[PDB]
Amino acid sequence: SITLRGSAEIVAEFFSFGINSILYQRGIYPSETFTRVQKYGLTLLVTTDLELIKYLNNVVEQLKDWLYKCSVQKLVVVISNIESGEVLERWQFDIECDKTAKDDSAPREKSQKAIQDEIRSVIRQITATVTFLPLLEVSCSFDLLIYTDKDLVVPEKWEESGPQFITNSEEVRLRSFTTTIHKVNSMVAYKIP
Amino acid sequence: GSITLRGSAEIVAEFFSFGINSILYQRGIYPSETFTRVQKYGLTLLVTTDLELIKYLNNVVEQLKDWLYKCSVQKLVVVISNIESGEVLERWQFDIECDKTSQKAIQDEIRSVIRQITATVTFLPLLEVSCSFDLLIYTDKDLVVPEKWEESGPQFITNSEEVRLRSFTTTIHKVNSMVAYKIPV
């Protein structure tokens, strides 16, 4: 059994490792930037750069918050050529949320194993994605997007931003894990050569 | 759907290998740590490193590289089925575009395949039980095919835990033959 207490966390945790494993599997940050660790029963890499750690701790944390409340539905990783500004790759996580859970008599029935396994297969897929994605050879920087309700108060630093879709694109839809309180559809979108 | 492998023989085999590999990875048939990244044709590819499999996937692919140099094999079909159940779980079908026998060319081919395989694994349910592989080499009713290859086929077992796969077996199914004609007038 599992509760909003934690299902908020599980998904936040996912975004940490995912965003890391995206950044590493892409060439966003240097390969030696990251360290080899165990989670979900795979070996993923998380970053070492203090700047990037402090950064992600803030987002993983801020998401944990909003997930509890069901404010956030989209999280996007926008990979853009820092030389030009142009967008080259775009990882997009849709978050179907079950509002009627704050009000649940009993915790949902679903083993840790279950959920920690649906993910093992998502992350696993994102990894095998490496073949057909085009290679980023220009200096690229990333950026997060969070989609949320107008009916929410967001800390002062954030600010409204264009969607930044890819001029000429090709998407590929991926597996979707779910805690029964949060479903996360994941799909990548690359620039057609 | 079904994936189309176009090319000469020395190649189409290698492609099959890359695909049947990707399937084993993304479906968690073997573990994650079973595999490794290797680069060939300027691409990165996931391939397995369990010696059992390599031996087997090799002998079957070599014999396939052969039947192919003359376009005798029409389609390969992989049939992941529950091992006690019997019930099929999913089929992976490869249609062959046979050419009897630069690099930008190959490159695009591999991608379309891995990309196909990948977009597919999206819609499949999670696997959760033990299971058997059944490779089906579909060939011309006529063939140098040794008797053993048909019906029983060569196979291997792995009772060792940590691996979904339990038996992988190949078998040749001879069906008909095709001849392309024109009609100049």
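In this analysis, Cβ positions are derived from the backbone assuming ideal geometry, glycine residues included, and neighbour counts consider all displayed protein chains. Taken together, the values in this text are just the output of simple stated rules run on the coordinates, not laboratory data.
Among all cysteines in chain B, which have no other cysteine Cβ under 4.7 Å from their own Cβ?
If one checks each Cβ against the other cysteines of chain B, B:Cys131 turn up with nothing under 4.7 Å.
Treating only the Cβ atoms of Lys and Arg (+1) and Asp and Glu (-1) as charged, compute the dipole magnitude of the protein assembly as shown about its Cα centre; round to the nearest 20 debye.
Result for the protein assembly as shown is approximately 340 debye, rounded to the nearest 20.
Rounded to the nearest 500, what is the protein assembly as shown's calculated 222 nm mean residue ellipticity when only DSSP H runs of at least 4 contribute -39500 (n - 2.57) each, over all residues?
Value at 222 nm, helices only, nearest 500: -10000 deg cm²/dmol.
List the relative contact order of segment A:5-155 as a percent without decimals, with contacts defined as Cα pairs under 8 Å and 6+ residues apart.
About 29 percent, as a whole number.
Kirkwood Rh, Cα Rg: Rg to Rh for chain B?
Radius of gyration relative to Kirkwood radius: 0.97.
Taking 7 Å along the Cα-to-C-beta vector as the label spot, tell me the A:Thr3-A:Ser84 distance in nanometres, rounded to one decimal.
Those two pseudo-labels are separated by 5.2 nm.
Given H placed on each backbone N at 1.01 Å, which residues far from A:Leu88 in sequence or on other chains put an amide H within less than 5 Å of it?
Hits under the 5 Å cutoff: A:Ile79, A:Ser80, A:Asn81.
Segment A:33-101 to segment A:173-193: how many Å between their Cα centroids?
When both Cα centres are located, 13 Å separates them.
Starting with the highest mean, order B:26-36, A:179-189, B:79-89, A:151-161 by the number of other Cβ atoms within 10 Å, averaged over the residues of each peptide.
A:179-189, B:26-36, B:79-89, A:151-161
Working out 0.36 nm times the residue gap between A:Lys113 and A:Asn58, then minus their Cα-Cα distance, what length gain in nm do you get to one decimal?
17.1 nm
For segment B:45-123, build the charge dipole from Cβ charges (+1 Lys, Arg; -1 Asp, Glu) around the Cα centre, then report which of B:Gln103, B:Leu76, B:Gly86 sits farthest towards its positive end.
My answer, from the dipole projection, is B:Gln103.
Any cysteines in chain A with zero other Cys Cβ atoms under 4.7 Å from their Cβ? List them, or say none.
A:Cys140
Just tell me which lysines come within less than 24 Å, Cα to Cα, of A:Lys69; anything on the same chain fewer than 8 places away is out.
A:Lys54, A:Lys99, A:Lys102, A:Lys110, A:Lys150, A:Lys157, A:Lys183
Which of the pairs B:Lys70/B:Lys104; B:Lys65/B:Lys100; A:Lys191/B:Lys40; B:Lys141/B:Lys182 have their Cα atoms more than 19 Å apart in this structure?
B:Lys70/B:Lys104; A:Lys191/B:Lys40; B:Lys141/B:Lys182
State whether segment B:29-83 is rounded, prolate or oblate according to the following rule on the C-alpha gyration tensor (a ≥ b ≥ c being the square roots of its eigenvalues): a/c under 1.5 gives rounded; otherwise a/b larger than b/c gives prolate, and the remaining case gives oblate.
Oblate, because a/c is 1.5 or more while a/b does not exceed b/c.
Please work out the Cα convex hull volume for the protein assembly as shown and give it in Å³ per residue.
194 Å³
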